[PDB]
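Presented below is the structure to which this report refers.
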Amino acid sequence: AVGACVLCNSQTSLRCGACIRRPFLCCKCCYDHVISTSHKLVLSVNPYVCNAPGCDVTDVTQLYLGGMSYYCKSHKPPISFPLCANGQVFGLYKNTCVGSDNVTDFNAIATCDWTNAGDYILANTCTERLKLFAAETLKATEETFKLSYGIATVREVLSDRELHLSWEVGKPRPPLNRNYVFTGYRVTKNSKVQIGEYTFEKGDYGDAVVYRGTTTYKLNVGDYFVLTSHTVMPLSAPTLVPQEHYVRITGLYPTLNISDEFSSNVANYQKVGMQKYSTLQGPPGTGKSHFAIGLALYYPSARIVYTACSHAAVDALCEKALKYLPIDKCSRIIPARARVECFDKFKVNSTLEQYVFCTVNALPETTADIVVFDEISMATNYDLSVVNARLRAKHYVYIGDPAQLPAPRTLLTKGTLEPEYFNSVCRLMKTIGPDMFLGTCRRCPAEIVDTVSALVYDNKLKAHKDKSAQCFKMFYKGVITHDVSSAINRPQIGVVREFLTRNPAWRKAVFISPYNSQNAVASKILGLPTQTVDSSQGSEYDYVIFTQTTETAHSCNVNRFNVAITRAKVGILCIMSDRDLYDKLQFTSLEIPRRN
Amino acid sequence: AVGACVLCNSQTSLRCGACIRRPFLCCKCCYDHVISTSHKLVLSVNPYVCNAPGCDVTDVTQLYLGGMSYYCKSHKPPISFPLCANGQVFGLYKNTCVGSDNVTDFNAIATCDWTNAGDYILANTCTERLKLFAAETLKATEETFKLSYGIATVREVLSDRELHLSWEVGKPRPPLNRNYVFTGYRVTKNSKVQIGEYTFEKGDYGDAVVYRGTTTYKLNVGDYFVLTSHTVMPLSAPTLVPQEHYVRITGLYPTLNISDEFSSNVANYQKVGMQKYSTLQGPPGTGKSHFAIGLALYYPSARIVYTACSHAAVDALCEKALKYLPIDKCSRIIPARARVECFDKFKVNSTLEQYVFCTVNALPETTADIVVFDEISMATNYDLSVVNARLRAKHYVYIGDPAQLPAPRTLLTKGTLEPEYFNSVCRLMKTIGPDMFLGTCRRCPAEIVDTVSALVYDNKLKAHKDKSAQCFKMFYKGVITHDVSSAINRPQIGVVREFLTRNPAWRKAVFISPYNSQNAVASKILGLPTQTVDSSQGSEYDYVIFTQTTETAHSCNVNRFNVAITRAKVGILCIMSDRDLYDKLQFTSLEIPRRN
Amino acid sequence: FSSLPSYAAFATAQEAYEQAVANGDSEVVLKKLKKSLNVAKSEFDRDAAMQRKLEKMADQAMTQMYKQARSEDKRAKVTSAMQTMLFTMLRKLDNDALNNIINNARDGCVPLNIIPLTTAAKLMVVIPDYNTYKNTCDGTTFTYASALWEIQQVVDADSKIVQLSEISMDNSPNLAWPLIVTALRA
RNA sequence: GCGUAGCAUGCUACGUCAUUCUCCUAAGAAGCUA
RNA sequence: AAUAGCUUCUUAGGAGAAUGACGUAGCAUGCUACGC
Ligand SMILES: Nc1ncnc2c1ncn2[C@@H]1O[C@H](COP(=O)(O)OP(=O)(O)O)[C@@H](O)[C@H]1O
Ligand SMILES: Nc1ncnc2c1ncn2[C@@H]1O[C@H](COP(=O)(O)OP(=O)(O)O)[C@@H](O)[C@H]1O
Ligand SMILES: [Mg+2]
Ligand SMILES: [Mg+2]
Ligand SMILES: [Zn+2]
Ligand SMILES: [Zn+2]
Ligand SMILES: [Zn+2]
Ligand SMILES: [Zn+2]
Ligand SMILES: [Zn+2]
Ligand SMILES: [Zn+2]
């Protein structure tokens, strides 16, 4: 039962029991972790508690090695030795561990509760092994927090898909979205037994909800639904492969002139073949993934893998690939998951297709020539470790923008994370340079991008296709019927009534909203299917409909407004309280009854 | 040889060979059983008997474990400790034995004799393992009771159907009954061969009996007949699977509309899909087997099994079933058995068609969607567990009405058995009802359903064709003119001497009487054949002249009265002391010295 | 051990002896206490050895019972396996032609080799070279053991398929010989 | 001269503890030869 | 992933023997208190 010191890389036989993940610690390293932190549970090949029956001295500093068995001071054997001595702890390979001074940082990462930006900003800049450790422990911590909130029960039986739920009074309630599934335990007395998995949806009225279970079980009154557990495995592979350069191109073979409509990118198409890994910063609404498919053509027989973090994004990109490539292409995304559906095209498990499109959760462990992760602004150091671990290819290219919207980070409730610090790749994108630049946003109404220029960016983008028919009605934010903490401004949709029939040709728009439940309400009294900003960031649409919410901190993120408006092609409207932002958006706004 | 304790379920290697069935007992549990009763022998993976030659002591309480075997107190070696200590008899897993104190009812089962009603009422009101063990035990007792009987030598062989068979010397003759199937034998001298299986019936007179045979290999005068038996097999499956309702048809793919005459039943057919298993009460004359075959048609894409107890019941089942079914059918029960001729339509071993019709005791290993079990007011605990052991379907329904009679069950001699305690399924059918009631009867006259619904039923079944000429001529019963132990109510027959002429259109009527001798002495001076309801429940008639007997509780059992009144089309007459019963049935009461 | 009657008597004997020595009486009590503790420790040795024997005896018996149970379990399982294989083997053989030829035999005795040689429905030729191929089972049908068969599949040594066209005098080297060619009775 | 008692010593038997030896069994890992 | 034979090593058990020490009983001898 041996391993490597997570700080000194020597063989050690110890672990910290009180620390959440119990990592291997060299002898002196464990001494320092235990001297000044309240953590005092150290496990050797056997635990270190005093083996005297009824003796519970658990501080390692108060035990003694006896003959064959350790003990406490009172119950100590006749002869033995003190364990914690001379700045060391007696462990296997005691003499040949080196031990280092990374003690303060490790103590912090071990004791912290991650609730402040310190842990993120520090894990973004610490040592690689320590980085991975911090990532795994943060995952496990948030997982353990998932356990804090409570159970659901049934209150009254109405039908097969209309039930009244009852929250255990006095505990945090869970958000009613597809990303929550619970096992159904029924207590007879005498056979407390699971019935199956269940997911809910808040209907048009409470406390009635419409729901789906994996089984068609008959729901009684003695049933209830408890959250389903999740764990974390440890990862070893690097996050960012060490950079390398060359003077020739190997493993990839050029093309002569094919697909001239992908011209300007060839100059960068070569340097990618010259270097070991590189990145492309793509301003909002730019020619990103166009460059991707263009390089895919440039090197036709070079086996390629595409990956991203968002299922909507990987679906959009697999469709765009279906648009221009021989097919002869697979998107092995998800067989029996992804509550919001995706591809139904090709295999999920054959490991044969040249251009493999996949998602982090379902990545296989194969090889390829080049792999490209996408949308680095959302993924985290952990995700980076997974995507670098499961695969192995010759060249690596990441394409994203630091000015996109980052991961949720629920326990992050104090402070803010700058674009750089979303993860290590974003850090390198905010280092001395994104090392490869291409900026022009044409897929959007040129006027809105001209305003995006006037926003946080430095007025450096251009476009075509400006007109027309865009505005922003700053209707007052009505009563937020916030069932969940996510907003529902039905009175705001209370003006959509005057845009249900008044629009003769504006029918197949796509609706955007800040909060999840003010998207749900558009999915309640429906005129068209709507999607959230997280489902956005990767698709553009002809018209866009937008009803915002109160001036809450989450709403007034300008980057969110960017990743929202940048999903337009010819049409857009905005409904925001907007004490000031209307002076920032330059269009021709009107009032409620003035639609002619 | 390691098993589970019948009370503690902890792994153990102990058996009471003093018990006929030898169940597995945990340490303490066998301790309690062995300290209290006359069960004074215990067997482990090796028997616990004093190894000393000539030491024939048996009980373990006088035994000490010595060198490598166990000895009585006499021949014990010096170092030898008792096998009984601390409530534990020496066996495997003594430190993990949990045990319990439910020894009481277990002991009741171990000590009872099955000759009193309370024994059975306990045996059907106990724990599950207790239930199945009681079943196996009582069945073995009745098996050795049958085997406690003997031989019968053929005096003369009149014909293939008429027989002169004298019975064993100094032996209580097994009565003239259908159930006891007699295996015959003709010794050459030199290899007595088994001549097959044959059933008997009280013929038109004594001594000559009517009989049927499985084979046409005719009997002789040197043959001798015993009846057949076996050894009782162990069981694992539960008596009944727990209840499961469902919100939709779990894979039941129905028909479109065909045979809309079953619309009165599709209302229940839906419920069949709605539940896992249930019951249905069809009083004689009702839409049973019509319900059943219409259900087969309504779900024509699901394999179905049908089952009953006797060959008579199973052919009465498969009839009217061959009608509405494309054939394309199977009812495949018996290869080399069936004293009376049986299925003559299809194969022996191919499990060909989706619908099979058999009997519980003869099912092979088959799978299907639903097993329909009629005749359930006859079945007992054993057959239910056999059913659960051999048929793992997706639906089940127990068809039948508890108002009929129970089994012979000859050992009951102190009291009688109530339907609510016949077995588990009838207990449910009486403590909660059938949960599914079928109406109504059609064949019998309404005057014998509405008048008879006043007794055990709750006035819910109906019929039609009330007329004609059904009146109860109550005769004051005479003295017990019994020749054999059963009464000969010739004084009751003293009302028919002046009757053979005054019934113009009633000549082919059926004299029926509960006592077999009440049929025999009548058959001596007879005008029409006799058939008591034991051979009935499967036979229909137009007229009937039911003759009661002595005023004992035997004659006035309302269940037998219902099953003897509901077996006619147009006519019935009742002749009894009848101080109260004729008040619940409403017709024109008549007196014997008056012909009106 | 401690629960033995001698234990308490011995402990209190030594205790009261030490008490009387702290009283410092005449040595006759010293002799008496010596005798008491002596007999106490004697019977103590007795019982201690008895318990020491009992431990080993019980443990031997228990491990023996474990061994017995293990043997019986394996035995029953192997018998079930043997019976299953026997019956599933039996329910395969082509009972018709076998019944025919045996009932034709004048005694019920027929040498074994002709049993497959005249009731098998298959034929797994194995060929080491194109030449013996040419000379045993050419084409799509062939004749052997006085009956007419027909090819149905020609799997090479790598468990692949080989279309009947590929096997040609100039296409010998690319085929990883031998050539397990099956057939069917006809 | 005898016995009770005590002490000391030699002898015998028994019952404990430790050291060694011898052999036999069982179980396991490794080598060589036909 | 065979039959058989030899040999090195390790552990557990049993049996036996030797040796030494402790304690109980009995046998022998001596010295002495007491009694006759
Ligand atoms: N060289 C080009 N010529 C024409 N259109 C281009 C070119 N490069 C990119 N585009 C277009 O930009 C549009 C998509 O931009 P988008 O991918 O929406 O931006 P972003 O990817 O940064 O979020 C597509 O219509 C794509 O063809
Ligand atoms: N709806 C109906 N119309 C006419 N006859 C019916 C109807 N339902 C049932 N029956 C009749 O009842 C008769 C059979 O009843 P039976 O099956 O003898 O009773 P049970 O099955 O309860 O012992 C059949 O002639 C059958 O058609
Ligand atoms: Mg893109
Ligand atoms: Mg029926
Ligand atoms: Zn270290
Ligand atoms: Zn710690
Ligand atoms: Zn202690
Ligand atoms: Zn038990
Ligand atoms: Zn018993
Ligand atoms: Zn004995």
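Just so you know, the numbers here start at 1 and follow the chain as drawn.
This entry, so its header tells us, was determined using electron microscopy, 3.5 Å.
Each Cβ is built from the backbone N, Cα and C atoms, and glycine gets one as well.
According to Swiss-Prot, the Zn(2+) 11 binding site annotation covers B:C5, B:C8, B:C26, B:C29. Around the Cβ of B:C5 (Zn(2+) 11 binding site), the same chain contributes B:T12, B:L14, B:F24, B:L25, B:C26, B:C29, B:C97, B:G99, each under 8 angstroms and 6 or more positions distant in sequence.
Residues or ranges marked as Zn(2+) 12 binding site in Swiss-Prot (evidence: experimental evidence): B:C16, B:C19, B:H33, B:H39. Listed in sequence order, B:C16, B:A18, B:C19, B:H33, B:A110 are the same-chain residues six or more apart from B:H39 (Zn(2+) 12 binding site) with CB atoms under 8 A from its CB.
Of all Cβ atoms in the shown protein chains, 16 besides its own fall within 10 Å of the Cβ of B:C55 (Zn(2+) 13 binding site). Annotation comment: Swiss-Prot describes B:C50, B:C55, B:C72, B:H75 as Zn(2+) 13 binding site, evidence class experimental evidence.
The ribonucleoside 5'-triphosphate binding site feature in Swiss-Prot is assigned to B:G282, B:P283, B:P284, B:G285, B:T286, B:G287, B:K288, B:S289; the stated evidence is sequence analysis. According to DSSP, B:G285 (ribonucleoside 5'-triphosphate binding site) is assigned to coil rather than to any helix or strand.
Remark: secondary structure over the domain 'CV ZBD' (B:1-113) totals 22 helix, 20 strand, 71 coil, with classes taken from DSSP. The domain 'CV ZBD' feature in Swiss-Prot is assigned to B:1-113.
The domain '(+)RNA virus helicase ATP-binding' annotation in Swiss-Prot covers B:257-438, and the record cites sequence analysis as its basis.
The repeat 'LRR 8' annotation in Swiss-Prot covers B:228-248, and the record cites sequence analysis as its basis.
Apart from B:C16, B:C19, B:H33, B:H39, the Zn(2+) 12 site neighbourhood in this chain, defined by C-beta within 8 angstroms of the site C-beta centre, holds B:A18, B:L25, B:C30, B:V34, B:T37, B:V42, B:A110. Cα to Cα, B:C8 (Zn(2+) 11 binding site) and B:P283 (ribonucleoside 5'-triphosphate binding site) are separated by 43 Å. Distance between Cα atoms for B:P284 (ribonucleoside 5'-triphosphate binding site) and B:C55 (Zn(2+) 13 binding site): 64 Å, as a whole number. Close contacts with ligand 9, defined as a Cβ under 6 Å from any of its atoms, occur at B:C16, B:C19, B:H33, B:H39 among the binding-site residues B:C16, B:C19, B:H33, B:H39, B:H75, B:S289. When the Cα of B:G282 (ribonucleoside 5'-triphosphate binding site) is compared against those of the binding-site residues B:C50, B:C55, B:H75, the shortest separation belongs to B:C50. Listed binding-site residues: B:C16, B:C29, B:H39, B:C72, B:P284. Those with a CB atom under 6 Å from ligand 8: B:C29.
Here B:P283 (ribonucleoside 5'-triphosphate binding site) is positioned 64 angstrom away from B:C55 (Zn(2+) 13 binding site), judged by their C-alpha atoms. Taking Cα separation as the measure, B:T286 (ribonucleoside 5'-triphosphate binding site) is nearest to B:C50 of the binding-site residues B:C50, B:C72, B:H75. B:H75 (Zn(2+) 13 binding site) sits 69 Å from B:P283 (ribonucleoside 5'-triphosphate binding site), taking the C-alpha atoms as the reference points.
Taking Cβ-Cβ distances under 8 Å and a sequence gap of 6 or more within the same chain, the neighbours of B:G287 (ribonucleoside 5'-triphosphate binding site) are B:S264, B:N265, B:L438, B:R442.
Helix first, then strand, then coil: DSSP counts for the repeat 'LRR 8' (B:228-248) stand at 0 helix, 2 strand, 19 coil.
A Cβ within 8 Å of the Cβ centre of B:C5, B:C8, B:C26, B:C29, the residues given for Zn(2+) 11, is found for these other residues of the same chain: B:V6, B:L7, B:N9, B:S10, B:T12, B:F24, B:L25, B:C27, B:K28, B:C30, B:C97, B:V98, B:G99, B:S100. The Cβ of B:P283 (ribonucleoside 5'-triphosphate binding site) lies under 8 Å from the Cβ of B:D401, B:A403, B:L438, B:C441, B:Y457, B:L461, B:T566, each on the same chain and at least six residues away in sequence.
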